[PDB]
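Visitor: Take a look at this one; I'll ask things after.
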Amino acid sequence: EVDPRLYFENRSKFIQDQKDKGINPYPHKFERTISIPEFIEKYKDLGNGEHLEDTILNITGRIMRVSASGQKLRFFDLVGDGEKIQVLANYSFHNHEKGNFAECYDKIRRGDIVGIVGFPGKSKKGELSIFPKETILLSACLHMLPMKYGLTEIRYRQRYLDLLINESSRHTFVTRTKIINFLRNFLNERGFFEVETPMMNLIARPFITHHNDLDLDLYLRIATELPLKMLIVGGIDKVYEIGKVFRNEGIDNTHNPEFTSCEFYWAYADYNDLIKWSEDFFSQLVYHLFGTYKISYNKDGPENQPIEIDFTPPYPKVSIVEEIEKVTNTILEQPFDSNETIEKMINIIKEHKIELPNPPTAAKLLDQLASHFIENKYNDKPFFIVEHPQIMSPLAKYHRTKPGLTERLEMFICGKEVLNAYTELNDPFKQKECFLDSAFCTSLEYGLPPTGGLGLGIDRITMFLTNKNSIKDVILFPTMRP
Amino acid sequence: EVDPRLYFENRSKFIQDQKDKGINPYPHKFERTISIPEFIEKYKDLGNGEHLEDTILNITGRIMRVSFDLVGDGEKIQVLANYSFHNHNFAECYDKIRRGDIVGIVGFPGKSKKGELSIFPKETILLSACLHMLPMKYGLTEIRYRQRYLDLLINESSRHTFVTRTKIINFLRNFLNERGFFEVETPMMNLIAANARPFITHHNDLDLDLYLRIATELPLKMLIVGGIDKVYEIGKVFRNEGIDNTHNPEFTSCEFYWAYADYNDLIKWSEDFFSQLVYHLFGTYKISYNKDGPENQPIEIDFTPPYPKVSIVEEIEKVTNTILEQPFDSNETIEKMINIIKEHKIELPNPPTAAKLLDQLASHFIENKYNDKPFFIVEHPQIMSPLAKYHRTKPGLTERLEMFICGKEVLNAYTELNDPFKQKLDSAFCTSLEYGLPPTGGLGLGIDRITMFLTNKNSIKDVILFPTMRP
Ligand SMILES: C[C@H]1CCC[C@H](C[C@@H]2Cc3cc(O)cc(O)c3C(=O)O2)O1
Ligand SMILES: C[C@H]1CCC[C@H](C[C@@H]2Cc3cc(O)cc(O)c3C(=O)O2)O1
Ligand SMILES: N[C@@H](CCCC[NH3+])C(=O)O
Ligand SMILES: N[C@@H](CCCC[NH3+])C(=O)O
Ligand SMILES: [Cl-]
C-alpha cells in the first residue's frame with residue numbers, strides 16, 4: 001500500500017521497456033465481438049458454474065480491481081459503458097503459445113485498458129465472468145486511480161475521473177442528454193423547426209471578442225430571442241433553437257457565464273398556450289424520467305432531508321404585483337418608476353431588512369422584492385409568477401385587460417427561475433427602444449404576427465431532475481480558476 | 001413605382017389612425033382552426049366551383065398579391081372575397097389590406113370556377129401590418145443575407161435550402177444515436193485553444209482572458225477516457241481567419257469519437273453516412289451541382305460507395321515526377337518542395353514549414369482529382385498531423401483520412417493517438433492521455449459545406465441563416 005506517486009515513474013519506464021522488447025503497448029486495433037452491456041444481456045441467465053467453452057469471444061474494458069487469489073489464478077473487475085463483469089484468469093485455460101501466463105498478467109495494473117479473448121460463464125459463486133485464453137494491453141493507465149469513494153474540486157477539473165469512479169456521475173450526465181432529447185422530440189412532434197442563429201452579433205453584461213480579419217469588435221449573444229423573432233417574420237411559424245448563451249456576471253450555484261438555453265417561438269400563440277405548454281412539458285419530462293410525477297430533491301444538500309416536488313398540473317400562478325401588495329399591506333400605485341412609489345418600495349426593502357440595489361430603478365426594486373417574498377412561496381410544487389410590469393419586461397406584449405402589466409410568465413422550482421415566456425410584442429410603435437438591433441426593429445416593421453415564445457434554462461432543469469445543488473455538477477467541464 | 005420612404009410613413013400613419021378609431025391593428029389572439037398546408041391537404045380534392053358553405057373555418061397567413069394570395073409555412077392558397085358573402089363596409093375593409101399584411105380570415109373552403117383552391121371570407125381581420133413595400137417575386141443581392149426574413153418570404157428555394165439543412169442535421173443525429181453514440185456539450189471557452197488563430201474574450205468576474213474553441217476534439221477525447229466510448233457533439237466552432245465562399249469565422253461542426261475503432265472503420269462509416277444521407281434526401285445516389293455557378297452547366301456527383309482513396313505523398317510524388325525523401329522537414333527536401341511550388345507558378349506560404357508546403361502542393365494537384373465523385377485523401381504525414389496515430393506499417397505517415405467534394409474538404413478523421421509519450425496543448429488533456437486512452441477512431445464534419453453541396457449553393461453564406469456581415 002501507499003505507493004509514493006512513483007507509479008508514473010515505474011509505468012512510464014515499463015512502457016519504454018515494452019517498446020525495447022519489440023512489444024507495442026498501445027496497439028492500433030482490437031476486433032471485438034461484443035460490448036460489456038451486451039455481454040451481460042446475453043449471458044445474465046447462465047447457471048452458477050456453467051461455462052460455454054465452445055464460445056470464443058473478444059471483449060474490451062478498463063481494469064478497475066486487480067484481485068489475485070492463488071499464483072496460477074487471478075481476478076479482475078472489468079468495466080465498460082457504465083457496467084462491470086468479473087474476469088477469472090486461469091493458468092490452466094491460458095493459451096501458452098502466445099505468452100507466459102505469469103508475465104502476461106503480472107503486467108496488468110488497475111486502470112489499464114485491456115482486450116480479452118475468452119469464453120463466457122459463471123463462477124461457482126454465481127458471478128458472471130469472462131475466461132481469458134489471452135489478454136492484450138491496449139492502453140495503459142500510468143497513474144494511480146482514486147479508490148471507490150475516493151471523491152472534491154478534482155471532479156470538475158478532471159471529469160473523466162468522476163465518470164470512471166462515481167456511478168452517479170455517469171447517471172447525472174446521461175440524464176442531461178435524455179432531457180434534451182425528450183425536449184427535442186417534444187418540440188419536433190408539435191411541428192417546430194430547429195435552426196441555428198449567430199453566436200456573435202454587433203450588439204445582461206456581454207462577453208466581447210474581436211474578429212481579426214474584420215477589424216470589428218463583436219459580442220457573444222446573451223440570448224437567442226431576437227433572431228428567432230426575425231425568423232417568425234420569415235414565415236417559419238414554429239421555430240426553436242437549443243444552445244449556448246453567454247452572460248458576463250457572477251458565478252455561483254445557479255450561474256455559469258456560459259449555459260445551455262432553449263428558446264422556441266410559436267406564431268399565433270397567446271400566453272395561455274405557453275402555460276398549457278409548460279405544464280404539459282414539465283410533467284411529461286418528469287413522468288418520462290421517473291414514471292411518477294413526484295420526485296425528491298435535497299434542497300439543503302445531501303446531508304439534509306430531501307423535499308418532494310410535485311409536477312402534477314396544473315401549477316399555481318401568482319400575480320407578482322398583487323402578491324407583493326397583498327403581502328406587504330401596501331398599494332403600489334402606477335406608474336412604478338413614479339417618484340412616490342419608488343420610495344414606497346425602498347422604504348419596504350430596508351424596513352424588512354433586505355439588500356438595496358444600486359441603481360435603485362423601479363425595475364430592479366420589484367425584482368428584489370419579488371425574490372424575497374414571492375419566489376419561495378412554494379418549494380413542494382413548481383409554480384408560475386405571471387403578469388410582470390412593462391418596465392420589467394420590454395419585449396413582453398401589454399396585457400390585454402390589465403393596464404401597466406404584460407402577459408408574461410415565469411416558472412419557478414424551489415426558489416429558482418427555469419422558464420421565462422410571454423405573448424411577444426409585435427407592434428413596432430409600442431417598442432420603446434425602437435422609437436435593440438437596427439435589424440430586429442426593422443423586421444418588426446415588416447410585420448410580426450401574434451406570437452408567443454418561451455425560454456428554458458437547460459441546466460437548472462437538469463439540476464433539479466438530477467438532485468444537484470450546484471449547476472457545476474450538471475455541466476461536464478465547467479469554467480474553473482487555474 | 002412608389003418611394004419606400006413615404007410608404008412607411010403613410011402606413012405608420014394608417015396604424016395610428018386605426019388606434020384613434022378604437023380599432024386594434026395588432027390584436028392579441030386569433031383562434032385558428034387550421035394551418036394552410038392542412039387546408040390544402042383536406043380540400044385538395046374538391047370539384048371546380050364547389051363550395052362547402054356550411055363549413056366555417058378560421059385561417060391565417062401573409063398577404064402576398066392583390067389582384068388575394070395568402071401564404072403560410074411555405075405554401076399558398078387563393079382568397080376570393082365576395083360582396084355575396086361578406087358579413088356587413090366591404091370596400092373599406094379590404095381597400096385597407098396591403099401586400100405583406102398578415103391577416104386572419106373567417107371563411108369557407110372551396111374552388112373557383114377555374115379550379116383554384118381558395119378560402120372565402122365572411123370576415124378578414126388585420127393581425128400584423130406590413131409597414132414597408134416588399135420585393136417583387138424575382139427581385140432578390142446582399143439583402144438576402146442581412147435580412148433573411150425577406151429571402152424566406154419571397155424565394156421558395158430559400159426555405160427549401162434551410163429545411164434541408166435541418167434535415168441533414170437530424171439525419172446525422174439519428175445516424176449517430178442509432179449506432180449508440182452519446183451526445184454531449186463541451187466548453188465554448190477554454191484556457192488554451194486544429195491549427196488556427198483564435199477568437200479571444202475576457203471573463204469579468206473571473207478576471208481572465210479565455211479562448212473560443214477552434215474545435216471540439218480535445219474534451220471529447222478526455223471523455224473517451226471518462227468511459228463514454230461513443231461520444232459526439234454537434235455545434236459551433238470559431239476560427240479567426242479568412243472569409244470566403246467556403247469559410248466563416250464561426251461554423252457548425254460535428255465530431256464523434258469512437259472507442260475501439262480503427263481508421264478503416266471510419267472509412268466504412270463515412271461511405272455509409274454520406275451515401276445514405278444523399279439517398280435519404282433525393283432518393284438517388286447521384287446529385288447535380290452547379291460548380292461554376294448557376295449561369296453554367298451543372299455537374300453530376302455520384303455518392304455510390306466505395307469512394308476512391310488517394311495517398312497524399314504518393315500522389316504529389318507521382319504527379320511531379322519527384323521523390324520526396326523523408327524526413328520531410330529535412331533541408332534537402334523542403335527546397336525540393338519550394339522548387340516545385342514556384343516552378344508550377346503557385347503561391348508560397350510564410351513560414352515555409354514542410355507541413356504547410358505539403359498542404360499547398362496537395363491543394364493544387366490532388367484536391368481536384370475527382371469532382372464527379374467524393375473521394376478520400378489518406379495517410380498524411382505525422383508532421384502535418386499531430387494528433388493522428390502513427391500508421392501501423394508505413395513509417396512517417398499517419399492513419400488519417402479526408403473526404404473531398406468538388407475540391408473542398410468536408411470530413412477529417414483518423415485513428416487517434418493515445419500514447420502520451422509520442423505526443424510532441426492543454427496540461428489537462430495531456431494528463432488524461434496518461435490515465436489511459438484506448439484505441440479510438442474519431443471524425444469531424446463540416447456541416448455547412450456538406451449542406452452547401454446538397455443544396456446546390458456556391459456560397460457558404462447561402463446555407464447559414466444570418467451570416468456575419470460588415471455593416
Ligand atoms: C434563457 C433563460 C430562460 C429562463 C431560465 C434561465 C434563467 C437563468 C439565466 C441564467 C443566467 C446566468 O447568468 C447564469 C445562469 O446559469 C442562468 C440559468 O441557468 O438560468 O435562462
Ligand atoms: C470540422 C471540420 C472538418 C473538416 C471539414 C471542415 C473544414 C472547414 C473548417 C473551417 C475553418 C474555417 O476557418 C472556416 C470555415 O468555414 C470552415 C469550414 O466550415 O470548413 O470542418
Ligand atoms: N430571451 C428570454 C427567453 C425568451 C422569452 C420569451 N420571448 C430570456 O433569456 O429570458
Ligand atoms: N479536430 C478535427 C476533427 C476531428 C478529427 C479526428 N479527431 C478538425 O477540426 O479537423
Ligand atoms: Cl491497414
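Going by the C-alpha cells order, chains are called A, B, ..., each with residues numbered from 1, while ligands are numbered from 1 in the order shown.
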As a count of residues only, please: every protein or nucleic acid residue near ligand 4 (cut-off 6 Å, counting only C-alpha atoms and all ligand atoms).

Guide: 10

Visitor: Grab me every residue within 6 Å of ligand 2, counting only C-alpha atoms and all ligand atoms, and send it over as a PDB file with C-alpha atoms, in the first residue's frame.

Guide:
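Just written: out-v6.pdb:
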```pdb
ATOM      1  CA  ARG B 239     -11.741  30.273 -36.244  1.00  0.00           C
ATOM      2  CA  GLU B 241      -9.217  33.679 -40.204  1.00  0.00           C
ATOM      3  CA  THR B 246     -16.226  28.172 -48.091  1.00  0.00           C
ATOM      4  CA  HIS B 247     -15.208  29.934 -44.907  1.00  0.00           C
ATOM      5  CA  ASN B 248     -16.920  31.534 -41.999  1.00  0.00           C
ATOM      6  CA  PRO B 249     -15.203  32.630 -38.718  1.00  0.00           C
ATOM      7  CA  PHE B 251     -19.319  27.460 -38.320  1.00  0.00           C
ATOM      8  CA  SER B 253     -19.122  21.086 -36.830  1.00  0.00           C
ATOM      9  CA  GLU B 409     -12.693  19.339 -47.554  1.00  0.00           C
ATOM     10  CA  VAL B 410     -15.752  18.153 -45.567  1.00  0.00           C
ATOM     11  CA  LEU B 411     -14.588  15.330 -43.396  1.00  0.00           C
ATOM     12  CA  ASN B 412     -11.382  14.880 -41.458  1.00  0.00           C
ATOM     13  CA  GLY B 444     -15.093  15.633 -37.973  1.00  0.00           C
ATOM     14  CA  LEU B 445     -17.636  17.021 -40.395  1.00  0.00           C
ATOM     15  CA  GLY B 446     -18.202  20.407 -41.892  1.00  0.00           C
ATOM     16  CA  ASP B 448     -22.106  23.878 -43.761  1.00  0.00           C
TER      17      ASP B 448
END
```

Visitor: Quick one: pick out all helix (DSSP H, G or I) residues within range 241-304 of chain B from a backbone DSSP run and write them as JSON, numbers by chain.

Guide: {"B": [263, 264, 265, 266, 267, 268, 269, 270, 271, 272, 273, 274, 275, 276, 277, 278, 279, 280, 281, 282]}

Visitor: Residues up to 6 Å from ligand 1, counting only C-alpha atoms and all ligand atoms: could you list those as an MDAnalysis selection string?

Guide: chainID A and resid 247 249 254:257 259 261 417:420 455:457 459:460

Visitor: Which residues are close to range 292-303 of chain B, i.e. within 7 Å by only C-alpha atoms, leaving aside same-chain residues fewer than 5 positions away? Reply as a ChimeraX atom specification.

Guide: /B:275,285-287,371-374,458

Visitor: Residues within 8 Å of ligand 5 (only C-alpha atoms and all ligand atoms), as a PyMOL selection string?

Guide: chain B and resi 263-264+392-393

Visitor: Could you write those residues out with N, CA, C and O atoms, as a CSV table (one decimal), in the first residue's frame?

Guide:
```csv
chain,number,residue,atom,x,y,z
B,263,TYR,N,-8.9,3.2,-38.1
B,263,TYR,CA,-9.1,4.2,-39.2
B,263,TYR,C,-10.0,3.6,-40.3
B,263,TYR,O,-10.8,4.4,-40.8
B,264,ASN,N,-9.9,2.3,-40.6
B,264,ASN,CA,-10.8,1.8,-41.6
B,264,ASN,C,-12.3,1.8,-41.2
B,264,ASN,O,-13.1,2.1,-42.1
B,392,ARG,N,0.5,2.1,-39.1
B,392,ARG,CA,1.0,0.9,-38.4
B,392,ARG,C,2.0,0.1,-39.2
B,392,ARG,O,2.6,-0.8,-38.7
B,393,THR,N,2.1,0.3,-40.6
B,393,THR,CA,3.0,-0.4,-41.4
B,393,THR,C,4.0,0.5,-42.1
B,393,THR,O,5.1,0.2,-42.3
```

Visitor: Rank A:472, A:122, A:229, A:159 by their smallest atom-to-atom distance to residue 51 in chain A, using only C-alpha atoms, and report the top residue only.

Guide: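 Answer, going by the shortest atom-to-atom distance: A:122.
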
Visitor: Show me, as an NGL selection string, every residue of chain B with an atom at most 7 Å from chain A, counting only C-alpha atoms.

Guide: :B and (26 or 28-30 or 72-73 or 101-102 or 127-132 or 149-150 or 152-153 or 166 or 183-184 or 186-187 or 199-205 or 222-223 or 225-229 or 240-242 or 260-262 or 419 or 434-439 or 465-466)

Visitor: For ligand 3, return the neighbouring residues as a PDB file with N, CA and C atoms, in the first residue's frame (distance at most 7 Å; only C-alpha atoms and all ligand atoms).

Guide:
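The result, stored in part_10.pdb:
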```pdb
ATOM      1  N   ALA A 223     -28.519  35.938 -25.605  1.00  0.00           N
ATOM      2  CA  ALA A 223     -29.700  35.097 -25.789  1.00  0.00           C
ATOM      3  C   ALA A 223     -30.056  34.845 -27.248  1.00  0.00           C
ATOM      4  N   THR A 224     -31.050  33.971 -27.469  1.00  0.00           N
ATOM      5  CA  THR A 224     -31.500  33.634 -28.828  1.00  0.00           C
ATOM      6  C   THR A 224     -32.792  34.297 -29.288  1.00  0.00           C
ATOM      7  N   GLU A 225     -33.341  35.169 -28.461  1.00  0.00           N
ATOM      8  CA  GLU A 225     -34.640  35.747 -28.733  1.00  0.00           C
ATOM      9  C   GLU A 225     -34.738  36.475 -30.066  1.00  0.00           C
ATOM     10  N   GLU A 263     -34.930  28.286 -26.672  1.00  0.00           N
ATOM     11  CA  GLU A 263     -35.999  29.224 -26.891  1.00  0.00           C
ATOM     12  C   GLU A 263     -36.749  28.754 -28.134  1.00  0.00           C
ATOM     13  N   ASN A 420     -39.060  31.279 -18.785  1.00  0.00           N
ATOM     14  CA  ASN A 420     -39.488  32.652 -18.912  1.00  0.00           C
ATOM     15  C   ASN A 420     -40.094  32.800 -20.290  1.00  0.00           C
ATOM     16  N   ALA A 421     -41.332  33.291 -20.337  1.00  0.00           N
ATOM     17  CA  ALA A 421     -42.053  33.342 -21.600  1.00  0.00           C
ATOM     18  C   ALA A 421     -43.138  34.366 -21.586  1.00  0.00           C
ATOM     19  N   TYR A 422     -43.476  34.857 -22.772  1.00  0.00           N
ATOM     20  CA  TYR A 422     -44.566  35.801 -22.908  1.00  0.00           C
ATOM     21  C   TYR A 422     -45.155  35.848 -24.303  1.00  0.00           C
ATOM     22  N   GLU A 424     -45.474  37.700 -27.236  1.00  0.00           N
ATOM     23  CA  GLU A 424     -44.405  38.602 -27.727  1.00  0.00           C
ATOM     24  C   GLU A 424     -45.038  39.920 -28.081  1.00  0.00           C
ATOM     25  N   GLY A 453     -43.749  32.886 -27.102  1.00  0.00           N
ATOM     26  CA  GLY A 453     -42.336  32.444 -27.170  1.00  0.00           C
ATOM     27  C   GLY A 453     -41.787  32.192 -25.780  1.00  0.00           C
ATOM     28  N   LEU A 454     -40.839  31.268 -25.667  1.00  0.00           N
ATOM     29  CA  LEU A 454     -40.557  30.675 -24.371  1.00  0.00           C
ATOM     30  C   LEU A 454     -39.113  30.282 -24.260  1.00  0.00           C
ATOM     31  N   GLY A 455     -38.596  30.379 -23.036  1.00  0.00           N
ATOM     32  CA  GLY A 455     -37.193  30.188 -22.777  1.00  0.00           C
ATOM     33  C   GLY A 455     -37.041  29.259 -21.594  1.00  0.00           C
TER      34      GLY A 455
END
```

Visitor: Let me make sure I understand: among B:385, B:124, B:35, B:320, which one has the smallest atom-to-atom distance to residue 364 in chain B if we use only C-alpha atoms?

Guide: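 Closest to residue 364 in chain B of all the choices is B:320.
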
Visitor: From a backbone DSSP assignment, name each residue in range 393-445 of chain B labelled strand (DSSP E or B), as a PyMOL selection string.

Guide: chain B and resi 397-398+400-405+408-416+440-445

Visitor: Let me make sure I understand: among B:69, B:156, B:185, B:116, which one has the smallest atom-to-atom distance to residue 43 in chain B if we use only C-alpha atoms?

Guide: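 Among B:69, B:156, B:185, B:116, it is B:116 that comes nearest to residue 43 in chain B.
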
Visitor: Quick one: distance from CA of residue 408 in chain A to CA of residue 390 in chain A in Å, one decimal?

Guide: 9.7 Å
